[PDB]
Amino acid sequence: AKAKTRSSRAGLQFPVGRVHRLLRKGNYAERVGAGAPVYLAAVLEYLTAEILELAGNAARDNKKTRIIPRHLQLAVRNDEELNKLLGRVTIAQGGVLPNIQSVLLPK
Amino acid sequence: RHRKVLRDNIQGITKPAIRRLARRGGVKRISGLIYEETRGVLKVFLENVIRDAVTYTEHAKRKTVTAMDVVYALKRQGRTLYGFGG
Amino acid sequence: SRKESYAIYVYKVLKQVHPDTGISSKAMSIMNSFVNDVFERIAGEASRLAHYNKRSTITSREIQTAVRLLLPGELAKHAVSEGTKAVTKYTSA
Amino acid sequence: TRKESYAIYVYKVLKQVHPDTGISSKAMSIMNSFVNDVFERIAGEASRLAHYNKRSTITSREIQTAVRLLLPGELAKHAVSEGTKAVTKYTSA
Amino acid sequence: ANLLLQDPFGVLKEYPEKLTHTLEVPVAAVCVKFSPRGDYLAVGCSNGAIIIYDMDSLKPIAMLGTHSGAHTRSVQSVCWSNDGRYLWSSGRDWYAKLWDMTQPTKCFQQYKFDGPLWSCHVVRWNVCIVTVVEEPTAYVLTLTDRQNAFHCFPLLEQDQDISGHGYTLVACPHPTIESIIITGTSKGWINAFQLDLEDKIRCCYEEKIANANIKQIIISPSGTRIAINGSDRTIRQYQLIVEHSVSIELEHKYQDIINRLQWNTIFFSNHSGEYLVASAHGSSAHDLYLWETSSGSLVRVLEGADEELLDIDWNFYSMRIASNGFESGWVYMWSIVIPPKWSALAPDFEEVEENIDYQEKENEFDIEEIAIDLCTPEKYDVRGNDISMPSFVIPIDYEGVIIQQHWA
Amino acid sequence: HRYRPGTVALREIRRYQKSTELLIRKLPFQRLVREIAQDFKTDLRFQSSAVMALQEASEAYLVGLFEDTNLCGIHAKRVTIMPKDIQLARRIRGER
DNA sequence: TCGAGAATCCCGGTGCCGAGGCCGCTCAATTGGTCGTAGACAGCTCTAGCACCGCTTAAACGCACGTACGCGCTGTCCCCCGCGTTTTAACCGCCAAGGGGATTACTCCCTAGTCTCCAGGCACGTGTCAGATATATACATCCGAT
DNA sequence: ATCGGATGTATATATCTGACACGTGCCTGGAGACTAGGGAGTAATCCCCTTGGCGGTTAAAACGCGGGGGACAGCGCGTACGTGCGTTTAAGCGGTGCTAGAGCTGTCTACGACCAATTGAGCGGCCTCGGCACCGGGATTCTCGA
């Protein structure tokens, strides 16, 4: 498609310039290969696309346009795969998943 | 030579072997339904470890799940195992 | 001073899937600090796989095997296939 | 060819504090594997700590501030004092 | 073919995307070849059976290997005729059986070979080029006016050496000439062989591209593109210039940069070969690939399976991909799905994908002898195929159909 | 002579807590590992000290679950563990 | 099985600021060259994993039985919820002040890199000794009967 | 309270074994000398953000009250888990065979580091406006005492 800006050679929206910088002056290994920041920028595109698909999806239910952090916890905890990926995490100012244990519900 | 699709080796984790694991945990009376539940919890623990233990070898291009790679599979899940190197 | 971020790069993925919605500046700092966390778990894990095997290179094969170690189940299989789709646009063109 | 261990350097410290007492070969391999694990906790923690302050040097000051994080409590107050004793006795001698 | 005349709005794809059947064949297979229509799938089975499947209900109609000529060892490759009448079957029991489905259990003529085989390829429905293992010529076996004289025609000139090139392992005939046979050596070199259908042959083309064991040579069905699968990790598609007189040139190279796998089988598209597929060799490669044969990019991946897929077939009528998952043995199958349409409930519905802003007209408040022909069949389908050839329908077994309630 | 319900168990506990051999047998556990590893590759070959490291890490987890099955079954005021006790101890710990 | 009650929902209008869209502008991205070296080949040796077999019996398996424990069903009482009235400190919005963080700019000294040296420590072959079975025994906890 | 066995448990020899502590050889990694060099320390400014205070306003907490229900003990049942006794059926073992794969060496080709030479996307800064806070009428509805 293009020549400059390697992301555009790959067809990503995440930079492969910045990721190839952050695999050298982060000191992860001695010599990072040339295909390695391309593969890593594609995965970080996809997981950001998977969240922001499901985030604005539950933005529509709320009926609001923009995404507040409350929509992000509703996109993460409602989805099992994302939940597993973000198991330890706490999303700041994000509420909880609305559930009651059903013993406590009335007769 | 022999294409044996192995099935129901889970019933070798016997009812008097979940009793003795119960005893080392220090529990007194076991229900009748534990024995088909612990095998459900044993087959979940072994599925998570061996899937990582194969992946470490499948990347390393071998056909042996060597004991460095089981130890690294357990270290990633936060259950380190001292006794086989690392 | 120049403190970089992934702020504009998340924005160009929000204007792909949901091309009318916006994002708050608190929920930008989550996605700026999400990408900074899945980085250190992928390059953190693929700096052991290229050390246990006595290699010295993060190739593009370890970032495949880092992703199949971390990401569970059907996010692994789709992000692996998003990877090799995007490194082959890189190698040919 | 050759596989290194911490087998002998454990063994001198066994005969230092228990001079009649032997050790097995399975329970040497635990004490070989234990030393390698306290390394990669300490040198892991003293590497991120060099990165967070944007230095590039593991000096002795980082490993004082990495022992003081991992080691819980009374082992922290000892192994700091067992360190700075031994970094004076290397420097002054 | 009238189902595709009614299925879409008018848009039909050029590759299947999803995978909707799976032949539960527990004994494993080696090769899967369809009929020249989409009806019959010949399955080259592992033990030595051939379990031929009707591709409408996923349960078989015959088994070639009951009366005479059953394969003792494995069966390697198979092709079909122009009409789908015969079967030419190459196996590892040192036997090439020409079967005929007029007698759908008995062979017609066999040949005890000197050893095992790799493949078979038919030019006419009787003559068939076979790949004898460890042989630097291709003893193409022809069924002559008598069946017995299988003339072991050595596909080599009497002077020419492929010493240093190994044996010939692949031979695939040309589609459009039908007389020049492209073969590829075990070490690098590619020959051409113009059979006179007398037995003079001309080594018009020889070359070497790269030192590998050439596992497979395919030609596109327009005779333009020719792809070569080596024993190293590359696919070289070439362009074919035959007026005889032949020379090729490099078009594209397809590799897996990530895992560096070997490509087992490769297959082309229908008309001019605008799409190249492949199946990789190593484990965790669970998916057939596609490539745009001009641009070169990985454009789509048939992500349906769970195992490694060994052989492949693309019949162009039903647009299916049959492939044996080599580990379990089951035949994975892809098909172009057609979603249902409620637009055919009444003769006027409409399925518009968006809330249309219909303009408000005035009407809302107000209160034959064409030419008729009955004789000709159809000539071209929606796919644009060679249709108006009423194919050899395989007859069902009307010798023992009454028995088939009792004991097979 | 048919000693009392319960005190064979406390004689059985003090034997097993004071001993350290492996409790699941070797050969049935080696066929469980070669059954579960068929899903992830076909014809693997386990190095025979990695069917000890999958034993002494697995029954040191099953024992560590029954120490936390017992603490919640005491909590329900009984001495009998049950499968509604196990699935609490996996859920509170975060295995679900 | 319900009409009074009240909390929630919801839909509205009016206002705020903070998301978004640009204007200039620097340093990080690109690249187009060298350069050696890491990894990718085949190749080979070998050892360790797998397959098998005969055995010996320790352990699983099944059943019978009786017993104690789970469970359920009571009644009790206590203590937690609900709510009104008074009380108080959180909050917001001021003020102001100065400490400390952040950057800049010299400066220097620690260390990375290289070489020259050599013995520490690695694997191996060694005897030997602290074990674990193999064995009778003194007595702690346990049990049926008293 | 306590008997009478009593029976496994923990306390003493025997003595064989193959695990280990030890003795020779060697080799490769560690130690020193010293070199250039850049990374950190050490000054310096400077001004941003935190600590302090206060004057309100009032949501919210603190408190006390009644009353209700949920906890907790008790009891009785019945079932199912334990105990053991008797009996199978693999596990363990050791042993031999076998070979597929692991490890290593060595060649040798691709390829990432690095340098400079150029620049253009990206961050910071600035305007701006619309998405949502924020409240009011009413309509539902959600419970509860009728």
# chains A, B, ... in the order shown; residues from 1 in each chain; ligands from 1
$ residues_around --residues "stretch 235-251 of chain E" --least-positions-apart "6" --cutoff "9 Å" --atoms "only C-alpha atoms (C1' of nucleotides)" --output "list in words"
residues 177, 180, 192, 193, 194, 202, 204, 205, 219, 223, 224, 225, 226, 227, 228, 229, 263, 266, 293 and 294 of chain E
$ interface_residues --of "chain E" --to "chain F" --cutoff "10 Å" --atoms "only C-alpha atoms" --output "list in words"
residues 283, 284, 306, 307, 327 and 328 of chain E
$ write_last_selection --atoms "N, CA, C and O atoms" --output "tab-separated table (two decimals), in the first residue's frame"
chain	number	residue	atom	x	y	z
E	283	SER	N	2.81	-29.81	12.85
E	283	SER	CA	1.68	-29.71	13.76
E	283	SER	C	1.56	-28.29	14.29
E	283	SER	O	2.52	-27.51	14.25
E	284	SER	N	0.35	-27.97	14.74
E	284	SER	CA	-0.30	-26.69	15.06
E	284	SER	C	-0.62	-25.86	13.82
E	284	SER	O	-1.21	-24.79	13.96
E	306	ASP	N	-9.03	-28.94	13.19
E	306	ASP	CA	-8.32	-29.12	14.45
E	306	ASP	C	-7.04	-29.91	14.29
E	306	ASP	O	-6.30	-30.05	15.27
E	307	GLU	N	-6.75	-30.43	13.10
E	307	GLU	CA	-5.62	-31.34	12.91
E	307	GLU	C	-4.79	-30.82	11.75
E	307	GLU	O	-5.01	-29.72	11.24
E	327	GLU	N	-4.44	-36.82	11.22
E	327	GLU	CA	-4.26	-37.35	12.56
E	327	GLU	C	-5.43	-38.22	12.97
E	327	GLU	O	-5.26	-39.39	13.32
E	328	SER	N	-6.64	-37.68	12.90
E	328	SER	CA	-7.82	-38.48	13.21
E	328	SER	C	-8.21	-39.39	12.06
E	328	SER	O	-8.55	-40.56	12.29
$ select_by_dssp --residues "chain B" --states "helix (DSSP H, G or I)" --output "PyMOL selection string"
chain B and resi 10-12+15-25+38-60+67-76
$ interface_residues --of "chain D" --to "chain B" --cutoff "9 Å" --atoms "only C-alpha atoms" --output "ChimeraX atom specification"
/D:26-37
$ write_last_selection --atoms "N, CA and C atoms" --output "PDB file, in the first residue's frame"
ATOM      1  N   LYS D  26      19.029 -35.673  46.427  1.00  0.00           N
ATOM      2  CA  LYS D  26      17.764 -35.043  46.093  1.00  0.00           C
ATOM      3  C   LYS D  26      17.594 -33.747  46.868  1.00  0.00           C
ATOM      4  N   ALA D  27      18.039 -33.711  48.116  1.00  0.00           N
ATOM      5  CA  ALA D  27      17.920 -32.490  48.893  1.00  0.00           C
ATOM      6  C   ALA D  27      19.084 -31.566  48.718  1.00  0.00           C
ATOM      7  N   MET D  28      20.001 -31.879  47.822  1.00  0.00           N
ATOM      8  CA  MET D  28      20.906 -30.878  47.300  1.00  0.00           C
ATOM      9  C   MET D  28      20.294 -30.165  46.122  1.00  0.00           C
ATOM     10  N   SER D  29      19.527 -30.904  45.322  1.00  0.00           N
ATOM     11  CA  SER D  29      18.911 -30.356  44.126  1.00  0.00           C
ATOM     12  C   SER D  29      17.814 -29.366  44.459  1.00  0.00           C
ATOM     13  N   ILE D  30      17.206 -29.481  45.633  1.00  0.00           N
ATOM     14  CA  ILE D  30      16.312 -28.434  46.100  1.00  0.00           C
ATOM     15  C   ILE D  30      17.101 -27.195  46.461  1.00  0.00           C
ATOM     16  N   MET D  31      18.158 -27.356  47.245  1.00  0.00           N
ATOM     17  CA  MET D  31      19.000 -26.229  47.598  1.00  0.00           C
ATOM     18  C   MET D  31      19.824 -25.719  46.435  1.00  0.00           C
ATOM     19  N   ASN D  32      19.975 -26.492  45.376  1.00  0.00           N
ATOM     20  CA  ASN D  32      20.470 -25.896  44.154  1.00  0.00           C
ATOM     21  C   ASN D  32      19.386 -25.090  43.467  1.00  0.00           C
ATOM     22  N   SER D  33      18.149 -25.576  43.503  1.00  0.00           N
ATOM     23  CA  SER D  33      17.085 -24.889  42.791  1.00  0.00           C
ATOM     24  C   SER D  33      16.560 -23.711  43.579  1.00  0.00           C
ATOM     25  N   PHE D  34      16.814 -23.687  44.878  1.00  0.00           N
ATOM     26  CA  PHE D  34      16.335 -22.579  45.688  1.00  0.00           C
ATOM     27  C   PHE D  34      17.181 -21.342  45.471  1.00  0.00           C
ATOM     28  N   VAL D  35      18.484 -21.524  45.276  1.00  0.00           N
ATOM     29  CA  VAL D  35      19.397 -20.404  45.090  1.00  0.00           C
ATOM     30  C   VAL D  35      19.150 -19.736  43.749  1.00  0.00           C
ATOM     31  N   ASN D  36      18.821 -20.529  42.729  1.00  0.00           N
ATOM     32  CA  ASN D  36      18.503 -19.976  41.418  1.00  0.00           C
ATOM     33  C   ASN D  36      17.187 -19.228  41.413  1.00  0.00           C
ATOM     34  N   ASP D  37      16.311 -19.513  42.368  1.00  0.00           N
ATOM     35  CA  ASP D  37      15.019 -18.854  42.389  1.00  0.00           C
ATOM     36  C   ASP D  37      15.066 -17.558  43.176  1.00  0.00           C
TER      37      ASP D  37
END
$ closest_residue --among "C:28, C:79, C:66, C:38" --to "chain B" --atoms "only C-alpha atoms"
C:66
$ residues_around --residues "residue C:25" --least-positions-apart "5" --cutoff "12 Å" --atoms "only C-alpha atoms (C1' of nucleotides)" --output "PyMOL selection string"
(chain A and resi 66-69) or (chain C and resi 7-8+10-11+30-32) or (chain G and resi 18-20)
$ interface_residues --of "chain C" --to "chain A" --cutoff "8 Å" --atoms "only C-alpha atoms" --output "number ranges by chain"
C: 9-10, 12-14, 17-18, 20-24, 26-27, 30-31, 35, 38-39, 43-44, 47, 50, 56-61, 63-64, 70-75, 79-80, 82-84, 86-90, 93
